[PDB]
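Asks:
Protein chains: 4
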Amino acid sequence: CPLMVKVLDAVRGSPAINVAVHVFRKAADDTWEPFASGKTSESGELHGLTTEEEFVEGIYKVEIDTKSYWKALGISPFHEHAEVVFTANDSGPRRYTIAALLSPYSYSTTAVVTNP
Amino acid sequence: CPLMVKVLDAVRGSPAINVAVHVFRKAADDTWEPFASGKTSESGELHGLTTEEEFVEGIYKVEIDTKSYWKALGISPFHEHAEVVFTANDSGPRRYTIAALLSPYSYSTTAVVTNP
Amino acid sequence: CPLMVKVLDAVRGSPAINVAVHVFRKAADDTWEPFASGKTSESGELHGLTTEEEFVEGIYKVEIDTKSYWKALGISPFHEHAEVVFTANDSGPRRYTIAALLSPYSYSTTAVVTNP
Amino acid sequence: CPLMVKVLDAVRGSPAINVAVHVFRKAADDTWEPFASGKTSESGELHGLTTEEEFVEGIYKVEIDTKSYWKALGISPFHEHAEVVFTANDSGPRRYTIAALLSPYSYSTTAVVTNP
Ligand SMILES: [Re]
Ligand SMILES: [Re]
Ligand SMILES: [Re]
Ligand SMILES: [Re]
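Protein chains in written order, with the authors' numbering: chain B, 10 to 125; chain A, 10 to 125; chain B', 10 to 125; chain A', 10 to 125. A prime marks a further copy of an entry chain.
1. Tell me which residue opens and which closes the beta strand (DSSP E) that B/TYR69 is part of.
2. Would you say A/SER23 lies against chain A' (beta-carbon separation less than 9 Å)?
3. Taking the alpha carbon of B/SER115 as the reference point, which residue from A'/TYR114, A'/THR106, A'/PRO24 has its own alpha carbon closest?
4. Along chain B, in chain order, which residues have C-beta atoms closer than 9 Å to that of A/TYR78?
5. Can you name the start and end residues of the beta strand (DSSP E) that B'/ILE84 belongs to?
6. For residue 155 of chain A', does the three-state DSSP call read helix, strand or coil?
7. Going by the DSSP bridge assignment, what does A'/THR119 pair with across the sheet?
8. Quick check: is the beta carbon of A'/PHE87 nearer than 9 Å to any beta carbon in chain B?
9. Could you please give me the residues that DSSP links to A/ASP18 through a beta bridge?
10. So, do the segment 24 to 34 of chain A' and the segment 47 to 59 of chain A' have three or more beta carbon pairs nearer to each other than 8 Å?
11. Checking the sheet assignment: what are the DSSP bridge partners for A/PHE95?
12. Using a C-beta cutoff of 9 Å, does A/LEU82 count as contacting chain B?
13. Under 6 Å from any heavy atom of ligand 3, by CB: list those residues in chain order, please.
14. Can you tell which of B'/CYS10, B'/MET13, B'/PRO11, B'/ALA19 has the C-alpha that lies nearest to the C-alpha of A'/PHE87?
15. With 16 other CB atoms within 10 Å as the buried threshold, where does A'/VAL65 fall?
16. Do the segment 98 to 105 of chain A and the segment 36 to 52 of chain A make contact, defined as three or more Cβ pairs closer than 8 Å?
17. In whole angstroms, what is the alpha-carbon distance linking B'/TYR69 and B'/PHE33?
18. At least one CB of chain B' closer than 9 Å to the CB of A/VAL14: is that the case?
19. Using a Cβ-based criterion (distance less than 8 Å to any ligand heavy atom), does A'/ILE107 qualify as near ligand 1?
20. Strictly closer than 5 Å from CB to any heavy atom of ligand 4: give me those residues in the order they appear in the chain.
21. For B/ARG34, which of helix, strand or coil comes out of DSSP?
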């Protein structure tokens, strides 16, 4: 419940299905440790990355790999990786939605952060 | 010139060229009155809409004829047109740049106000 | 189920609660007829505007009035109305989400259009 | 100059001034190599990053130090920095303009490619 990633295609007005998502957390030594991963559903969303027990304060990186999405559309992408880096839970637990909007020459990302 | 409009196409990664733009100003009876109109240049820009003297404080609406633009490129888009409203306060001379970024199912608009 | 409007605040990373939403449909005579209305919930979303029986093909306008949201934040907005106009159901029934992202000097809107 | 970066602040409706920008180029071993860096001017622009000869085909990452920018304005933002990737193909001379629009919880990036 506390972390959900959503990916949308601005050209098609559609969810982006089968986008690979990787989450890393910055460790003590300043390296990126693996945290969680998954693939977006039919609705362009990925739920169940983590639990409130595991999603502690820290610096997180969310990566998306869109190759499979673009190729399913018959598109040969010129690049296919996007990353965002943020601080989480630093004023207490919140629920986070990280949304990306894709097009060929533009990219947006927005975070919505709510209470219970 | 105190008012410029700039339009960008996120599908082509290009200025949006020859796009029709209409600017309206809210009248005292709450109707939108025509103010100026034009078509974007080869750089995606439209200047010469107003002199400094004609550009008074008020609530302005910029309407961008995205429908015709996308259809001319063989694309059937979502919106009939793109619209943004912006307010000009009274001030010393200020330049207002209205920037739109277009995709077939999404757009974003920003008003940049600078003291020249 | 077929039409949902969502409004988000990009400054705060939050849903925009109590935003008034009005939907109009273009009639035979080219006037805008009232269609539906409501207010966004805690989650920034408004569901239950219409039913598949009523949401027929046509040209629709979705208006938002953000005054109550901004004033609750202690903000005195310089304008507080946004509109989008689109064609619906023209290739068969779809579900539509119309999302707006607000900030003081920018505005985005995106439509996501899916099947069952 | 064939590469320019432009950064806009959606909270203030202004160019984002004195913002640090780093540009990296992907190397043959898949690492990001430093390419150039600078700070935005009073118009929100950064030019002089590269000569035409140094700007070869490749995959480029533009990192914008949004964290420091927002903190300097008294705002605690979501992202540690903003990142966009763009690819340059081999071609006749082309100008690449990378445009970012910043809010504390959202940003959008676009690559505009023009034939001068
Ligand atoms: Re991508
Ligand atoms: Re404004
Ligand atoms: Re608004
Ligand atoms: Re690109």
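Backbone N, C-alpha and C fix where the C-beta goes; we use that ideal spot for every residue, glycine too.
Replies: Considering the structure as presented:
1. If you look at B/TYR69, you'll find it in the beta strand (DSSP E) that goes 67 to 74.
2. The beta-carbon of A/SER23 is placed less than 9 Å from the nearest beta-carbon of chain A'.
3. Nearest of A'/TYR114, A'/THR106, A'/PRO24 to B/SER115, Cα basis: A'/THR106.
4. The premise fails here: A/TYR78 is roughly 14 Å from chain B at the closest Cβ pair, so nothing lies under 9 Å.
5. Where B'/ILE84 is concerned, there is no enclosing beta strand (DSSP E), given that its DSSP letter is neither H nor E.
6. Nothing can be reported for residue 155 of chain A', as the shown portion of chain A' is limited to 10 through 125.
7. Under DSSP, A'/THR119 takes part in a beta bridge, and its partners are B/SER115, A'/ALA108.
8. Contact of A'/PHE87 with chain B is assigned, a C-beta pair being separated by under 9 Å.
9. A/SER23, A/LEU111.
10. Enough Cβ pairs lie closer than 8 Å, so yes.
11. In DSSP, A/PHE95 forms a bridge with A/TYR69.
12. By this cut-off, A/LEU82 is not an interface position.
13. That query returns the following residues: B'/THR75, B'/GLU89, B'/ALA91, B'/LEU111.
14. Residue B'/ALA19 is the option with its Cα nearest to A'/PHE87.
15. Counting Cβ neighbours within 10 Å, A'/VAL65 comes out exposed, since fewer than 16 surround it.
16. When Cβ pairs closer than 8 Å are counted between the two stretches, the segment 98 to 105 of chain A is seen not to touch the segment 36 to 52 of chain A, the count staying below three.
17. Their Cα atoms are separated by approximately 6 Å.
18. Not an interface residue.
19. Checking every heavy atom of ligand 1 against the Cβ of A'/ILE107, none is found closer than 8 Å.
20. Qualifying residues come out as B/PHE87, A'/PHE95, A'/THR96.
21. Three-state result, B/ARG34: strand.
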